[PDB]
Amino acid sequence: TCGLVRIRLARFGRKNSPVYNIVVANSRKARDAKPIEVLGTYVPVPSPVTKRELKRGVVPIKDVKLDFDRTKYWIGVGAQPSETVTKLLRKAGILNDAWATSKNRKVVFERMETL
Amino acid sequence: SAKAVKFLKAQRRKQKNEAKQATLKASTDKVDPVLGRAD
RNA sequence: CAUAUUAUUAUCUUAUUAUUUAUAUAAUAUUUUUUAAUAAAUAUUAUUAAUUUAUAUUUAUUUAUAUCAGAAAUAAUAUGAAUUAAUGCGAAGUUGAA
RNA sequence: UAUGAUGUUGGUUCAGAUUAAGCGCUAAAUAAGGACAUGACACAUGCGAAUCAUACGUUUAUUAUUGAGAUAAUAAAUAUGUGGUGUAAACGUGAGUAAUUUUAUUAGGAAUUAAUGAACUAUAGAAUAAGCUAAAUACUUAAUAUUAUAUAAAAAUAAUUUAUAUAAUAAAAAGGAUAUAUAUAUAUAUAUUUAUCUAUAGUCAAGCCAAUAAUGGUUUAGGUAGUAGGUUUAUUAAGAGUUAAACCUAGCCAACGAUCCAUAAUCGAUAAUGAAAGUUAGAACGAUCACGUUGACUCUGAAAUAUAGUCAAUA
Ligand SMILES: [Mg+2]
Ligand SMILES: [Mg+2]
Ligand SMILES: [Mg+2]
Ligand SMILES: [Mg+2]
Ligand SMILES: [Mg+2]
Ligand SMILES: [Mg+2]
Ligand SMILES: [Mg+2]
Ligand SMILES: [Mg+2]
Ligand SMILES: [Mg+2]
Ligand SMILES: [Mg+2]
Ligand SMILES: [Mg+2]
Ligand SMILES: [Mg+2]
Ligand SMILES: [Mg+2]
Ligand SMILES: [Mg+2]
Ligand SMILES: [Mg+2]
Ligand SMILES: [Mg+2]
């Protein structure tokens, strides 16, 4: 994270049940103040799955809603995503491995796009 | 005292303007609305 | 009659600051005229530190204007007041006959 | 609820919902949402802004070469020395403020806002010399790198824009960390890293003005002399009596309420209520402004009368 424009997560919800708002915001402004744009939402809690479903083969899913075309516009301009936003966008395929870090093998499931 | 001289200048200007307004009230040739001009 | 706070000013005082005047054997840099100490070579010749000198950058001193804030005067905004005006209520009644 | 009874006018009260709530009595567990509205009254105590050793310096220990030290390699220590970045935000508050710069709205404007980037993006380039610091990426001095003219062209024209050619733009910088390669510990030369400076554009941002609305008292009725307007000058990136100077004109506001006084931060896709128009609040969520004990000024900076600095006031 650096620069004036940053793509971050703003905390919404209630105590002990966070949800997050993927926003484009000024660095110098407050975390929960109204941002430049609201690119999406991110619900951190995985969807619970039945013990049976663990055996069947499905995994918990985390729900992210995002504007793919607009996030490309903001990344192009030089808005600097944060570490968590970097992780989210990199899984989405928006960001490639150039954004990986040393701190961060096999692929059970490759990324797939569907309607 | 520059304040005193400035105040005197302001006063002179103001009284000049009030005299101008008072004499401008009677500067207009006021005909008789009843009887028209004198002749 | 007494206390309090904002506001202003042809008044008094003024921190600091901003411009603005003038003065510096006043400084610092460079430019001259010069004086000492030091080096190299066969009388020196240049070098540093000081002497005078005239351009900048400031310091001290002053001239003027404005200026925080203080008084003094006025006004208001309030707060209290002996003295004092009116009226409201109620107790059972008292007096007139409007 | 009048009335001896009737009809009507007329007030008073009640039924409903709510709260930034308080109090009386009473009270089990859990989940969530809030919590000094009053004295912007005063404050004990502890915390809330640090970080960088890969900027410069210091200080050790071992090994090697040199002879008390000197120089390298490797380990460390050093944020009480010199430096870089950060505190214009966020947090809290609602004193001031009735608009002279505040709030809300507009598919609103120009002066037709700067050779401003503040901190990232994409591109090119450059990174020189001295001095002073003990040394430097600290400071100074110096080197090199849009606007105004003149010619035309047009039209979105009685100006702007375009292109050209000149003038000045002309304004900078900084190295550290590793490796290696040369040669003669000394320099030097490349590469990798992380910095530095300039330029174009993008993004994020700023400054200014307009129109409409924004509480009560006229038992506050006249107010205003920079006052209202014009012309110049200084200042600003930029208009304007905004501030300072000069000279002209006599205007401007006002019974559809000026000026003055009192009170108040303002608002919403927020909260309460109603059938609705509306009315109330502005706690909580969010937006804007103001302030950080009080007043004025100054430096830096693009942006500050800064929670900075100076001066004064209070304690
Ligand atoms: Mg009765
Ligand atoms: Mg709770
Ligand atoms: Mg309070
Ligand atoms: Mg070191
Ligand atoms: Mg230090
Ligand atoms: Mg602030
Ligand atoms: Mg530098
Ligand atoms: Mg005026
Ligand atoms: Mg108030
Ligand atoms: Mg109100
Ligand atoms: Mg307030
Ligand atoms: Mg609120
Ligand atoms: Mg509160
Ligand atoms: Mg302030
Ligand atoms: Mg306090
Ligand atoms: Mg203050």
# chains A, B, ... in the order shown; residues from 1 in each chain; ligands from 1
call {"tool": "interface_residues", "arguments": {"of": "chain C", "to": "chain B", "cutoff": "12 Å", "atoms": "only C-alpha atoms (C1' of nucleotides)", "output": "PDB file with C-alpha atoms (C1' of nucleotides), in the first residue's frame"}}
result
ATOM      1  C1'   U C   9     -13.286  54.905  18.881  1.00  0.00           C
ATOM      2  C1'   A C  10     -10.952  62.132  15.845  1.00  0.00           C
ATOM      3  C1'   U C  11      -8.474  59.509  22.724  1.00  0.00           C
ATOM      4  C1'   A C  64       6.124  57.122   9.457  1.00  0.00           C
ATOM      5  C1'   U C  65       1.439  53.646   8.826  1.00  0.00           C
ATOM      6  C1'   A C  66      -1.249  49.402  10.595  1.00  0.00           C
TER       7        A C  66
END
call {"tool": "select_by_dssp", "arguments": {"residues": "chain A", "states": "alpha helix (DSSP H)", "output": "list in words"}}
result
residues 51, 52, 53, 54, 55, 56, 68, 69, 70, 71, 72, 73, 74, 75, 76, 77, 83, 84, 85, 86, 87, 88, 89, 90, 91 and 92 of chain A
call {"tool": "write_last_selection", "arguments": {"atoms": "N, CA and C atoms", "output": "mmCIF file, in the first residue's frame"}}
result
data_model
loop_
_atom_site.group_PDB
_atom_site.id
_atom_site.type_symbol
_atom_site.label_atom_id
_atom_site.label_comp_id
_atom_site.auth_asym_id
_atom_site.auth_seq_id
_atom_site.Cartn_x
_atom_site.Cartn_y
_atom_site.Cartn_z
ATOM 1 N N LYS A 51 -21.458 -32.255 7.046
ATOM 2 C CA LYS A 51 -20.434 -33.291 7.165
ATOM 3 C C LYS A 51 -20.485 -34.248 5.981
ATOM 4 N N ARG A 52 -21.691 -34.555 5.507
ATOM 5 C CA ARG A 52 -21.857 -35.348 4.295
ATOM 6 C C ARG A 52 -21.191 -34.679 3.101
ATOM 7 N N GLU A 53 -21.375 -33.365 2.959
ATOM 8 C CA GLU A 53 -20.816 -32.666 1.810
ATOM 9 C C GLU A 53 -19.293 -32.671 1.831
ATOM 10 N N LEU A 54 -18.679 -32.773 3.012
ATOM 11 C CA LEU A 54 -17.229 -32.928 3.058
ATOM 12 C C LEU A 54 -16.805 -34.226 2.388
ATOM 13 N N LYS A 55 -17.575 -35.294 2.593
ATOM 14 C CA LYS A 55 -17.240 -36.570 1.972
ATOM 15 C C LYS A 55 -17.547 -36.544 0.482
ATOM 16 N N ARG A 56 -18.656 -35.906 0.100
ATOM 17 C CA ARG A 56 -19.037 -35.882 -1.310
ATOM 18 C C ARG A 56 -17.969 -35.204 -2.159
ATOM 19 N N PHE A 68 -15.670 -6.293 -12.258
ATOM 20 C CA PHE A 68 -14.416 -6.695 -12.887
ATOM 21 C C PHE A 68 -13.913 -5.640 -13.862
ATOM 22 N N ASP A 69 -14.812 -5.048 -14.646
ATOM 23 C CA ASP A 69 -14.384 -4.055 -15.624
ATOM 24 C C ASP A 69 -13.879 -2.785 -14.946
ATOM 25 N N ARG A 70 -14.526 -2.367 -13.856
ATOM 26 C CA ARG A 70 -14.129 -1.123 -13.205
ATOM 27 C C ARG A 70 -12.846 -1.306 -12.403
ATOM 28 N N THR A 71 -12.696 -2.455 -11.740
ATOM 29 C CA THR A 71 -11.462 -2.710 -11.010
ATOM 30 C C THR A 71 -10.269 -2.713 -11.949
ATOM 31 N N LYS A 72 -10.463 -3.164 -13.188
ATOM 32 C CA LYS A 72 -9.401 -3.060 -14.179
ATOM 33 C C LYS A 72 -9.065 -1.602 -14.460
ATOM 34 N N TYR A 73 -10.082 -0.742 -14.528
ATOM 35 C CA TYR A 73 -9.820 0.676 -14.742
ATOM 36 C C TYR A 73 -8.999 1.261 -13.603
ATOM 37 N N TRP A 74 -9.328 0.907 -12.362
ATOM 38 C CA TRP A 74 -8.607 1.497 -11.239
ATOM 39 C C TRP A 74 -7.200 0.928 -11.113
ATOM 40 N N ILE A 75 -7.020 -0.364 -11.388
ATOM 41 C CA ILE A 75 -5.673 -0.928 -11.374
ATOM 42 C C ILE A 75 -4.831 -0.311 -12.481
ATOM 43 N N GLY A 76 -5.446 -0.031 -13.631
ATOM 44 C CA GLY A 76 -4.702 0.574 -14.722
ATOM 45 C C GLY A 76 -4.207 1.969 -14.391
ATOM 46 N N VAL A 77 -5.036 2.761 -13.707
ATOM 47 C CA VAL A 77 -4.666 4.133 -13.369
ATOM 48 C C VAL A 77 -3.529 4.207 -12.369
ATOM 49 N N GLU A 83 -2.824 -5.715 0.737
ATOM 50 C CA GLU A 83 -2.413 -7.114 0.773
ATOM 51 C C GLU A 83 -3.609 -8.049 0.648
ATOM 52 N N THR A 84 -4.675 -7.790 1.406
ATOM 53 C CA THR A 84 -5.859 -8.636 1.312
ATOM 54 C C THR A 84 -6.543 -8.473 -0.038
ATOM 55 N N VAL A 85 -6.635 -7.238 -0.529
ATOM 56 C CA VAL A 85 -7.221 -7.018 -1.847
ATOM 57 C C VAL A 85 -6.338 -7.635 -2.918
ATOM 58 N N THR A 86 -5.019 -7.581 -2.728
ATOM 59 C CA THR A 86 -4.121 -8.252 -3.660
ATOM 60 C C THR A 86 -4.389 -9.748 -3.685
ATOM 61 N N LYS A 87 -4.564 -10.359 -2.513
ATOM 62 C CA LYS A 87 -4.862 -11.785 -2.458
ATOM 63 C C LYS A 87 -6.173 -12.089 -3.172
ATOM 64 N N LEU A 88 -7.202 -11.277 -2.925
ATOM 65 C CA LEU A 88 -8.501 -11.530 -3.540
ATOM 66 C C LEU A 88 -8.429 -11.404 -5.055
ATOM 67 N N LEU A 89 -7.843 -10.312 -5.549
ATOM 68 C CA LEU A 89 -7.799 -10.082 -6.989
ATOM 69 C C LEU A 89 -6.906 -11.099 -7.685
ATOM 70 N N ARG A 90 -5.846 -11.549 -7.011
ATOM 71 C CA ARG A 90 -4.952 -12.529 -7.615
ATOM 72 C C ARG A 90 -5.646 -13.875 -7.790
ATOM 73 N N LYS A 91 -6.476 -14.269 -6.821
ATOM 74 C CA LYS A 91 -7.278 -15.476 -6.988
ATOM 75 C C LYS A 91 -8.302 -15.301 -8.099
ATOM 76 N N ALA A 92 -8.846 -14.091 -8.245
ATOM 77 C CA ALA A 92 -9.840 -13.845 -9.283
ATOM 78 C C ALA A 92 -9.242 -13.948 -10.679
#
call {"tool": "residues_around", "arguments": {"residues": "stretch 71-81 of chain D", "least_positions_apart": "3", "cutoff": "12 Å", "atoms": "only C-alpha atoms (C1' of nucleotides)", "output": "PyMOL selection string"}}
result
chain D and resi 50-53+56-66+134-135+185
call {"tool": "residues_near_ligand", "arguments": {"ligand": "ligand 9", "cutoff": "7 Å", "atoms": "only C-alpha atoms (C1' of nucleotides) and all ligand atoms", "output": "list in words"}}
result
residues 94, 95, 96, 264 and 265 of chain D
call {"tool": "residues_near_ligand", "arguments": {"ligand": "ligand 13", "cutoff": "12 Å", "atoms": "only C-alpha atoms (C1' of nucleotides) and all ligand atoms", "output": "MDAnalysis selection string"}}
result
chainID D and resid 20 34:37 92:94 283:284
call {"tool": "write_last_selection", "arguments": {"atoms": "N, CA, C and O atoms (P, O5', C5', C4', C3', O3' and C1' of nucleotides)", "output": "PDB file, in the first residue's frame"}}
result
ATOM      1  P     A D  20     -33.706  10.135  20.505  1.00  0.00           P
ATOM      2  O5'   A D  20     -32.227   9.956  21.057  1.00  0.00           O
ATOM      3  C5'   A D  20     -31.768   8.696  21.533  1.00  0.00           C
ATOM      4  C4'   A D  20     -30.795   8.868  22.669  1.00  0.00           C
ATOM      5  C3'   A D  20     -31.429   9.160  24.023  1.00  0.00           C
ATOM      6  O3'   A D  20     -30.628   8.595  25.058  1.00  0.00           O
ATOM      7  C1'   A D  20     -30.049  10.965  23.405  1.00  0.00           C
ATOM      8  P     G D  34     -23.922   1.362  17.108  1.00  0.00           P
ATOM      9  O5'   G D  34     -24.667   2.287  18.166  1.00  0.00           O
ATOM     10  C5'   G D  34     -23.949   3.011  19.151  1.00  0.00           C
ATOM     11  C4'   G D  34     -24.889   3.672  20.125  1.00  0.00           C
ATOM     12  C3'   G D  34     -24.242   4.457  21.254  1.00  0.00           C
ATOM     13  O3'   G D  34     -23.857   5.760  20.858  1.00  0.00           O
ATOM     14  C1'   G D  34     -25.935   3.061  22.129  1.00  0.00           C
ATOM     15  P     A D  35     -22.459   6.374  21.344  1.00  0.00           P
ATOM     16  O5'   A D  35     -22.694   6.680  22.886  1.00  0.00           O
ATOM     17  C5'   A D  35     -23.676   7.614  23.306  1.00  0.00           C
ATOM     18  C4'   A D  35     -23.974   7.466  24.774  1.00  0.00           C
ATOM     19  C3'   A D  35     -22.778   7.592  25.700  1.00  0.00           C
ATOM     20  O3'   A D  35     -22.458   8.936  25.993  1.00  0.00           O
ATOM     21  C1'   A D  35     -24.000   5.661  26.269  1.00  0.00           C
ATOM     22  P     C D  36     -20.932   9.423  25.975  1.00  0.00           P
ATOM     23  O5'   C D  36     -20.995  10.868  26.630  1.00  0.00           O
ATOM     24  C5'   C D  36     -21.583  11.066  27.910  1.00  0.00           C
ATOM     25  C4'   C D  36     -21.993  12.502  28.105  1.00  0.00           C
ATOM     26  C3'   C D  36     -20.894  13.526  27.828  1.00  0.00           C
ATOM     27  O3'   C D  36     -21.457  14.702  27.255  1.00  0.00           O
ATOM     28  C1'   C D  36     -21.657  13.772  30.040  1.00  0.00           C
ATOM     29  P     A D  37     -21.798  14.769  25.687  1.00  0.00           P
ATOM     30  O5'   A D  37     -23.386  14.708  25.647  1.00  0.00           O
ATOM     31  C5'   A D  37     -24.161  15.446  26.584  1.00  0.00           C
ATOM     32  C4'   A D  37     -24.886  16.585  25.921  1.00  0.00           C
ATOM     33  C3'   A D  37     -25.328  17.702  26.858  1.00  0.00           C
ATOM     34  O3'   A D  37     -25.274  18.949  26.171  1.00  0.00           O
ATOM     35  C1'   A D  37     -27.225  16.737  25.840  1.00  0.00           C
ATOM     36  P     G D  92     -14.196  10.059  17.531  1.00  0.00           P
ATOM     37  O5'   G D  92     -14.100  11.312  18.502  1.00  0.00           O
ATOM     38  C5'   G D  92     -13.734  11.147  19.861  1.00  0.00           C
ATOM     39  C4'   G D  92     -13.528  12.476  20.539  1.00  0.00           C
ATOM     40  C3'   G D  92     -14.701  13.438  20.485  1.00  0.00           C
ATOM     41  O3'   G D  92     -15.673  13.168  21.476  1.00  0.00           O
ATOM     42  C1'   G D  92     -12.719  14.578  19.904  1.00  0.00           C
ATOM     43  P     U D  93     -17.193  13.634  21.264  1.00  0.00           P
ATOM     44  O5'   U D  93     -17.108  15.222  21.258  1.00  0.00           O
ATOM     45  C5'   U D  93     -16.749  15.936  22.429  1.00  0.00           C
ATOM     46  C4'   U D  93     -16.488  17.390  22.133  1.00  0.00           C
ATOM     47  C3'   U D  93     -17.670  18.180  21.603  1.00  0.00           C
ATOM     48  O3'   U D  93     -18.545  18.605  22.634  1.00  0.00           O
ATOM     49  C1'   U D  93     -15.768  18.630  20.282  1.00  0.00           C
ATOM     50  P     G D  94     -20.134  18.621  22.411  1.00  0.00           P
ATOM     51  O5'   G D  94     -20.397  19.993  21.653  1.00  0.00           O
ATOM     52  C5'   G D  94     -19.885  21.215  22.166  1.00  0.00           C
ATOM     53  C4'   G D  94     -20.021  22.339  21.171  1.00  0.00           C
ATOM     54  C3'   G D  94     -21.449  22.631  20.723  1.00  0.00           C
ATOM     55  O3'   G D  94     -21.623  24.034  20.538  1.00  0.00           O
ATOM     56  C1'   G D  94     -20.128  22.093  18.842  1.00  0.00           C
ATOM     57  P     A D 283     -25.677  15.151  16.553  1.00  0.00           P
ATOM     58  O5'   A D 283     -26.294  14.211  17.680  1.00  0.00           O
ATOM     59  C5'   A D 283     -25.823  14.281  19.018  1.00  0.00           C
ATOM     60  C4'   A D 283     -25.972  12.966  19.745  1.00  0.00           C
ATOM     61  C3'   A D 283     -25.561  11.723  18.975  1.00  0.00           C
ATOM     62  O3'   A D 283     -24.161  11.516  18.979  1.00  0.00           O
ATOM     63  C1'   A D 283     -27.644  11.348  20.032  1.00  0.00           C
ATOM     64  P     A D 284     -23.387  11.172  17.615  1.00  0.00           P
ATOM     65  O5'   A D 284     -23.817   9.677  17.299  1.00  0.00           O
ATOM     66  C5'   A D 284     -23.563   8.633  18.224  1.00  0.00           C
ATOM     67  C4'   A D 284     -24.347   7.399  17.871  1.00  0.00           C
ATOM     68  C3'   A D 284     -24.154   6.889  16.453  1.00  0.00           C
ATOM     69  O3'   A D 284     -23.004   6.075  16.322  1.00  0.00           O
ATOM     70  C1'   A D 284     -26.464   7.006  16.946  1.00  0.00           C
TER      71        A D 284
END
call {"tool": "interface_residues", "arguments": {"of": "chain B", "to": "chain D", "cutoff": "10 Å", "atoms": "only C-alpha atoms (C1' of nucleotides)", "output": "ChimeraX atom specification"}}
result
/B:10-18,20-21,24
call {"tool": "write_last_selection", "arguments": {"atoms": "N, CA, C and O atoms", "output": "PDB file, in the first residue's frame"}}
result
ATOM      1  N   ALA B  10     -13.301  61.274   5.446  1.00  0.00           N
ATOM      2  CA  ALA B  10     -14.543  60.527   5.290  1.00  0.00           C
ATOM      3  C   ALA B  10     -15.746  61.404   5.606  1.00  0.00           C
ATOM      4  O   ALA B  10     -16.757  61.374   4.895  1.00  0.00           O
ATOM      5  N   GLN B  11     -15.655  62.191   6.678  1.00  0.00           N
ATOM      6  CA  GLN B  11     -16.744  63.090   7.031  1.00  0.00           C
ATOM      7  C   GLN B  11     -16.997  64.104   5.926  1.00  0.00           C
ATOM      8  O   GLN B  11     -18.150  64.356   5.561  1.00  0.00           O
ATOM      9  N   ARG B  12     -15.937  64.707   5.389  1.00  0.00           N
ATOM     10  CA  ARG B  12     -16.123  65.696   4.334  1.00  0.00           C
ATOM     11  C   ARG B  12     -16.811  65.073   3.130  1.00  0.00           C
ATOM     12  O   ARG B  12     -17.762  65.646   2.580  1.00  0.00           O
ATOM     13  N   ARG B  13     -16.368  63.880   2.731  1.00  0.00           N
ATOM     14  CA  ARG B  13     -16.997  63.195   1.606  1.00  0.00           C
ATOM     15  C   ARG B  13     -18.468  62.910   1.895  1.00  0.00           C
ATOM     16  O   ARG B  13     -19.338  63.127   1.040  1.00  0.00           O
ATOM     17  N   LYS B  14     -18.768  62.441   3.108  1.00  0.00           N
ATOM     18  CA  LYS B  14     -20.136  62.062   3.440  1.00  0.00           C
ATOM     19  C   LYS B  14     -21.067  63.266   3.423  1.00  0.00           C
ATOM     20  O   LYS B  14     -22.174  63.194   2.878  1.00  0.00           O
ATOM     21  N   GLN B  15     -20.655  64.374   4.040  1.00  0.00           N
ATOM     22  CA  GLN B  15     -21.509  65.558   4.039  1.00  0.00           C
ATOM     23  C   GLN B  15     -21.646  66.141   2.640  1.00  0.00           C
ATOM     24  O   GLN B  15     -22.720  66.637   2.273  1.00  0.00           O
ATOM     25  N   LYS B  16     -20.581  66.083   1.835  1.00  0.00           N
ATOM     26  CA  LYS B  16     -20.725  66.456   0.433  1.00  0.00           C
ATOM     27  C   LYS B  16     -21.820  65.635  -0.231  1.00  0.00           C
ATOM     28  O   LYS B  16     -22.664  66.176  -0.955  1.00  0.00           O
ATOM     29  N   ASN B  17     -21.835  64.326   0.019  1.00  0.00           N
ATOM     30  CA  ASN B  17     -22.820  63.477  -0.642  1.00  0.00           C
ATOM     31  C   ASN B  17     -24.235  63.754  -0.142  1.00  0.00           C
ATOM     32  O   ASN B  17     -25.186  63.745  -0.933  1.00  0.00           O
ATOM     33  N   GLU B  18     -24.407  63.981   1.163  1.00  0.00           N
ATOM     34  CA  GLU B  18     -25.747  64.297   1.657  1.00  0.00           C
ATOM     35  C   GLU B  18     -26.248  65.614   1.081  1.00  0.00           C
ATOM     36  O   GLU B  18     -27.424  65.731   0.714  1.00  0.00           O
ATOM     37  N   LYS B  20     -25.378  66.817  -1.782  1.00  0.00           N
ATOM     38  CA  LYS B  20     -25.688  66.514  -3.173  1.00  0.00           C
ATOM     39  C   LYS B  20     -27.072  65.891  -3.295  1.00  0.00           C
ATOM     40  O   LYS B  20     -27.863  66.298  -4.148  1.00  0.00           O
ATOM     41  N   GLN B  21     -27.384  64.909  -2.448  1.00  0.00           N
ATOM     42  CA  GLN B  21     -28.693  64.263  -2.513  1.00  0.00           C
ATOM     43  C   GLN B  21     -29.815  65.251  -2.214  1.00  0.00           C
ATOM     44  O   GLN B  21     -30.843  65.274  -2.908  1.00  0.00           O
ATOM     45  N   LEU B  24     -30.296  67.445  -5.049  1.00  0.00           N
ATOM     46  CA  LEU B  24     -30.787  66.705  -6.205  1.00  0.00           C
ATOM     47  C   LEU B  24     -32.281  66.455  -6.102  1.00  0.00           C
ATOM     48  O   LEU B  24     -32.958  66.329  -7.127  1.00  0.00           O
TER      49      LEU B  24
END
call {"tool": "residues_near_ligand", "arguments": {"ligand": "ligand 8", "cutoff": "12 Å", "atoms": "only C-alpha atoms (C1' of nucleotides) and all ligand atoms", "output": "ChimeraX atom specification"}}
result
/D:100,224-228,240-243
call {"tool": "residues_near_ligand", "arguments": {"ligand": "ligand 10", "cutoff": "10 Å", "atoms": "only C-alpha atoms (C1' of nucleotides) and all ligand atoms", "output": "list in words"}}
result
residues 214, 215, 263, 264, 265, 266, 280, 281 and 282 of chain D
call {"tool": "write_last_selection", "arguments": {"atoms": "C-alpha atoms (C1' of nucleotides)", "output": "PDB file, in the first residue's frame"}}
result
ATOM      1  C1'   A D 214     -31.977  28.341   5.538  1.00  0.00           C
ATOM      2  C1'   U D 215     -35.110  30.883  13.651  1.00  0.00           C
ATOM      3  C1'   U D 263     -30.737  32.249  19.785  1.00  0.00           C
ATOM      4  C1'   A D 264     -28.473  28.174  16.797  1.00  0.00           C
ATOM      5  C1'   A D 265     -23.232  24.352  14.027  1.00  0.00           C
ATOM      6  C1'   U D 266     -25.928  22.703   8.970  1.00  0.00           C
ATOM      7  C1'   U D 280     -39.434  17.630  15.425  1.00  0.00           C
ATOM      8  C1'   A D 281     -34.306  15.998  16.437  1.00  0.00           C
ATOM      9  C1'   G D 282     -29.380  16.749  14.325  1.00  0.00           C
TER      10        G D 282
END
call {"tool": "closest_residue", "arguments": {"among": "A:79, A:38, A:43, A:64", "to": "chain D", "atoms": "only C-alpha atoms (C1' of nucleotides)"}}
result
A:79
call {"tool": "residues_around", "arguments": {"residues": "residue C:75", "least_positions_apart": "3", "cutoff": "12 Å", "atoms": "only C-alpha atoms (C1' of nucleotides)", "output": "count of residues only"}}
result
4
call {"tool": "interface_residues", "arguments": {"of": "chain D", "to": "chain A", "cutoff": "12 Å", "atoms": "only C-alpha atoms (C1' of nucleotides)", "output": "list in words"}}
result
residues 31, 32, 33, 86, 88, 89, 90, 91, 117, 118, 119, 120, 121, 122, 201, 202, 203, 204, 205, 285, 286 and 287 of chain D
call {"tool": "select_by_dssp", "arguments": {"residues": "chain A", "states": "strand (DSSP E)", "output": "count of residues only"}}
result
31
call {"tool": "residues_near_ligand", "arguments": {"ligand": "ligand 16", "cutoff": "12 Å", "atoms": "only C-alpha atoms (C1' of nucleotides) and all ligand atoms", "output": "list in words"}}
result
residues 40, 95, 96, 290, 291, 292, 293, 294, 295, 296, 305, 306 and 307 of chain D
call {"tool": "atom_distance", "arguments": {"atom1": "atom CA of residue A:94", "atom2": "atom CA of residue A:12"}}
result
24.2 Å
call {"tool": "closest_residue", "arguments": {"among": "D:174, D:312, D:107, D:156", "to": "ligand 7", "atoms": "only C-alpha atoms (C1' of nucleotides) and all ligand atoms"}}
result
D:174
call {"tool": "closest_residue", "arguments": {"among": "C:86, C:71, C:40, C:29", "to": "residue C:56", "atoms": "only C-alpha atoms (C1' of nucleotides)"}}
result
C:29
call {"tool": "atom_distance", "arguments": {"atom1": "atom CA of residue A:103", "atom2": "atom CA of residue A:81"}}
result
17.1 Å
call {"tool": "residues_around", "arguments": {"residues": "residue C:28", "least_positions_apart": "3", "cutoff": "12 Å", "atoms": "only C-alpha atoms (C1' of nucleotides)", "output": "VMD selection string"}}
result
chain C and resid 56 to 59
